[PDB]
Amino acid sequence: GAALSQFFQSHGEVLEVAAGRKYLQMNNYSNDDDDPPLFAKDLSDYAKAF
Amino acid sequence: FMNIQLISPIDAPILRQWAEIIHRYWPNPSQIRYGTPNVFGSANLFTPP
């Protein structure tokens, strides 16, 4: 019954939850050609796993 | 409301207390004798007369 919609919310036997940030970007990341790709998993929200 | 334990006391303490006070201290029904059924009879239908 705790109301906190920043992380999860229930729709009735189906919980949704905002996953995020498998990777984290540093300051010296500059999209160089030998930089490791992060697969858009450093943004605020890339998916919503239900 | 019909089962008190469903209301979580960590979320709704005042409301849990309100449900609990309703379930404890609500006034109980009772019954009282009147008239006389020996010679007047009675028009009671769903109660003993």
# chains A, B, ... in the order shown; residues from 1 in each chain; ligands from 1

call {"tool": "residues_around", "arguments": {"residues": "range 5-16 of chain A", "least_positions_apart": "3", "cutoff": "8 Å", "atoms": "only C-alpha atoms", "output": "JSON, numbers by chain"}}
result
{"A": [48, 49, 50]}

call {"tool": "write_last_selection", "arguments": {"atoms": "N, CA, C and O atoms", "output": "mmCIF file, in the first residue's frame"}}
result
data_model
loop_
_atom_site.group_PDB
_atom_site.id
_atom_site.type_symbol
_atom_site.label_atom_id
_atom_site.label_comp_id
_atom_site.auth_asym_id
_atom_site.auth_seq_id
_atom_site.Cartn_x
_atom_site.Cartn_y
_atom_site.Cartn_z
ATOM 1 N N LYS A 48 10.776 -0.949 -19.917
ATOM 2 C CA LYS A 48 9.876 -1.072 -18.773
ATOM 3 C C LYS A 48 9.480 -2.538 -18.676
ATOM 4 O O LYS A 48 8.582 -2.993 -19.389
ATOM 5 N N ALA A 49 10.152 -3.277 -17.801
ATOM 6 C CA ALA A 49 9.919 -4.704 -17.661
ATOM 7 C C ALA A 49 8.694 -4.949 -16.793
ATOM 8 O O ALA A 49 8.590 -4.406 -15.689
ATOM 9 N N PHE A 50 7.775 -5.770 -17.289
ATOM 10 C CA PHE A 50 6.489 -6.003 -16.643
ATOM 11 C C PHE A 50 6.523 -7.406 -16.061
ATOM 12 O O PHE A 50 6.632 -8.377 -16.816
#

call {"tool": "closest_atom_pairs", "arguments": {"of": "chain B", "to": "chain A", "cutoff": "10 Å", "atoms": "only C-alpha atoms", "output": "tab-separated table"}}
result
residue	atom	partner	partner_atom	distance
B:7	CA	A:1	CA	9.2
B:8	CA	A:1	CA	7.8
B:10	CA	A:2	CA	8.9
B:11	CA	A:1	CA	6.3
B:12	CA	A:1	CA	8.6

call {"tool": "write_last_selection", "arguments": {"atoms": "C-alpha atoms", "output": "JSON list (two decimals), in the first residue's frame"}}
result
[["chain", "number", "residue", "atom", "x", "y", "z"],
["B", 7, "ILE", "CA", -5.31, -3.55, 6.59],
["B", 8, "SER", "CA", -1.56, -3.14, 6.97],
["B", 10, "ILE", "CA", 2.56, 0.10, 8.67],
["B", 11, "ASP", "CA", 0.62, 2.02, 5.98],
["B", 12, "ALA", "CA", -2.68, 2.90, 7.67]]

call {"tool": "select_by_dssp", "arguments": {"residues": "chain A", "states": "strand (DSSP E)", "output": "list in words"}}
result
residues 8, 9, 10, 15, 16 and 17 of chain A

call {"tool": "residues_around", "arguments": {"residues": "residue 39 in chain A", "least_positions_apart": "3", "cutoff": "10 Å", "atoms": "only C-alpha atoms", "output": "VMD selection string"}}
result
chain A and resid 22 to 23 36 42 to 43 46

call {"tool": "write_last_selection", "arguments": {"atoms": "C-alpha atoms", "output": "mmCIF file, in the first residue's frame"}}
result
data_model
loop_
_atom_site.group_PDB
_atom_site.id
_atom_site.type_symbol
_atom_site.label_atom_id
_atom_site.label_comp_id
_atom_site.auth_asym_id
_atom_site.auth_seq_id
_atom_site.Cartn_x
_atom_site.Cartn_y
_atom_site.Cartn_z
ATOM 1 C CA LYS A 22 23.302 -1.764 -16.636
ATOM 2 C CA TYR A 23 26.239 0.433 -17.689
ATOM 3 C CA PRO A 36 33.046 -0.117 -25.666
ATOM 4 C CA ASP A 42 23.168 4.103 -19.643
ATOM 5 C CA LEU A 43 20.130 6.349 -20.179
ATOM 6 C CA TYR A 46 15.491 2.188 -21.972
#

call {"tool": "select_by_dssp", "arguments": {"residues": "chain B", "states": "alpha helix (DSSP H)", "output": "MDAnalysis selection string"}}
result
chainID B and resid 13:25

call {"tool": "write_last_selection", "arguments": {"atoms": "C-alpha atoms", "output": "PDB file, in the first residue's frame"}}
result
ATOM      1  CA  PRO B  13      -2.316   3.095  11.464  1.00  0.00           C
ATOM      2  CA  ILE B  14      -5.227   5.493  12.069  1.00  0.00           C
ATOM      3  CA  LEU B  15      -7.476   3.564   9.693  1.00  0.00           C
ATOM      4  CA  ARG B  16      -6.465   0.218  11.215  1.00  0.00           C
ATOM      5  CA  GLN B  17      -7.333   1.632  14.642  1.00  0.00           C
ATOM      6  CA  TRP B  18     -10.665   2.912  13.314  1.00  0.00           C
ATOM      7  CA  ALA B  19     -11.620  -0.496  11.906  1.00  0.00           C
ATOM      8  CA  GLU B  20     -10.497  -2.144  15.143  1.00  0.00           C
ATOM      9  CA  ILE B  21     -12.515   0.255  17.319  1.00  0.00           C
ATOM     10  CA  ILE B  22     -15.588  -0.390  15.144  1.00  0.00           C
ATOM     11  CA  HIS B  23     -15.128  -4.148  15.529  1.00  0.00           C
ATOM     12  CA  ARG B  24     -14.669  -3.973  19.305  1.00  0.00           C
ATOM     13  CA  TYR B  25     -16.782  -1.174  20.754  1.00  0.00           C
TER      14      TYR B  25
END

call {"tool": "residues_around", "arguments": {"residues": "residue 36 in chain B", "least_positions_apart": "5", "cutoff": "10 Å", "atoms": "only C-alpha atoms", "output": "list in words"}}
result
residues 41, 42 and 49 of chain B

call {"tool": "write_last_selection", "arguments": {"atoms": "C-alpha atoms", "output": "PDB file, in the first residue's frame"}}
result
ATOM      1  CA  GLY B  41     -51.630 -12.322  22.709  1.00  0.00           C
ATOM      2  CA  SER B  42     -49.002 -10.783  20.480  1.00  0.00           C
ATOM      3  CA  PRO B  49     -43.887 -13.235  21.018  1.00  0.00           C
TER       4      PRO B  49
END

call {"tool": "atom_distance", "arguments": {"atom1": "CA of residue 47 in chain B", "atom2": "CA of residue 26 in chain B"}}
result
23.0 Å

call {"tool": "residues_around", "arguments": {"residues": "residue 37 in chain B", "least_positions_apart": "6", "cutoff": "12 Å", "atoms": "only C-alpha atoms", "output": "JSON, numbers by chain"}}
result
{"B": [43, 44, 48, 49]}

call {"tool": "residues_around", "arguments": {"residues": "residue 25 in chain A", "least_positions_apart": "3", "cutoff": "9 Å", "atoms": "only C-alpha atoms", "output": "list in words"}}
result
residues 28, 29, 38 and 42 of chain A

call {"tool": "decode", "arguments": {"residues": "range 22-40 of chain B", "atoms": "N, CA, C and O atoms", "output": "compact mmCIF listing (two decimals), in the first residue's frame"}}
result
# COMPACT_ATOMS: atom_id res chain seq x y z
N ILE B 22 -14.25 0.00 15.60
CA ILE B 22 -15.59 -0.39 15.14
C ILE B 22 -15.87 -1.85 15.48
O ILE B 22 -16.95 -2.18 15.98
N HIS B 23 -14.89 -2.73 15.27
CA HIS B 23 -15.13 -4.15 15.53
C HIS B 23 -15.22 -4.46 17.02
O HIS B 23 -15.94 -5.39 17.40
N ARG B 24 -14.53 -3.71 17.87
CA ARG B 24 -14.67 -3.97 19.31
C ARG B 24 -15.90 -3.28 19.90
O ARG B 24 -16.83 -3.94 20.36
N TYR B 25 -15.92 -1.95 19.87
CA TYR B 25 -16.78 -1.17 20.75
C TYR B 25 -18.09 -0.73 20.10
O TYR B 25 -18.70 0.24 20.57
N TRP B 26 -18.52 -1.40 19.05
CA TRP B 26 -19.84 -1.12 18.51
C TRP B 26 -20.90 -1.65 19.47
O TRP B 26 -20.70 -2.70 20.08
N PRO B 27 -22.00 -0.92 19.66
CA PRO B 27 -23.01 -1.33 20.64
C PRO B 27 -23.71 -2.62 20.24
O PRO B 27 -24.13 -2.79 19.09
N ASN B 28 -23.84 -3.53 21.20
CA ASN B 28 -24.43 -4.84 20.98
C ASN B 28 -25.95 -4.76 21.04
O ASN B 28 -26.50 -4.03 21.86
N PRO B 29 -26.65 -5.49 20.18
CA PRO B 29 -28.10 -5.58 20.30
C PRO B 29 -28.51 -6.41 21.51
O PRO B 29 -27.73 -7.20 22.05
N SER B 30 -29.75 -6.23 21.93
CA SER B 30 -30.29 -6.93 23.08
C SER B 30 -31.79 -7.10 22.89
O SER B 30 -32.33 -6.82 21.82
N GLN B 31 -32.47 -7.57 23.94
CA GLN B 31 -33.90 -7.79 23.87
C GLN B 31 -34.52 -7.60 25.24
O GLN B 31 -33.87 -7.80 26.27
N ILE B 32 -35.79 -7.20 25.25
CA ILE B 32 -36.49 -6.84 26.48
C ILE B 32 -37.93 -7.35 26.40
O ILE B 32 -38.53 -7.40 25.32
N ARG B 33 -38.46 -7.77 27.54
CA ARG B 33 -39.82 -8.27 27.62
C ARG B 33 -40.82 -7.12 27.72
O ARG B 33 -40.51 -6.06 28.26
N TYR B 34 -42.02 -7.35 27.21
CA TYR B 34 -43.07 -6.34 27.26
C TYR B 34 -44.42 -7.03 27.18
O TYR B 34 -44.52 -8.21 26.83
N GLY B 35 -45.46 -6.26 27.47
CA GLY B 35 -46.87 -6.62 27.45
C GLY B 35 -47.15 -7.85 28.29
O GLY B 35 -46.48 -8.13 29.29
N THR B 36 -48.15 -8.61 27.87
CA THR B 36 -48.27 -9.99 28.32
C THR B 36 -48.83 -10.84 27.18
O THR B 36 -49.82 -10.48 26.54
N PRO B 37 -48.15 -11.93 26.84
CA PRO B 37 -48.70 -12.86 25.84
C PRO B 37 -49.68 -13.87 26.41
O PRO B 37 -50.22 -14.67 25.65
N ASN B 38 -49.90 -13.85 27.72
CA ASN B 38 -50.77 -14.84 28.34
C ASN B 38 -52.24 -14.57 28.03
O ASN B 38 -53.00 -15.50 27.74
N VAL B 39 -52.66 -13.31 28.10
CA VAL B 39 -54.06 -12.97 27.90
C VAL B 39 -54.28 -11.96 26.77
O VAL B 39 -55.39 -11.91 26.22
N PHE B 40 -53.29 -11.15 26.41
CA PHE B 40 -53.44 -10.24 25.28
C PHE B 40 -53.05 -10.86 23.95
O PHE B 40 -53.52 -10.40 22.91
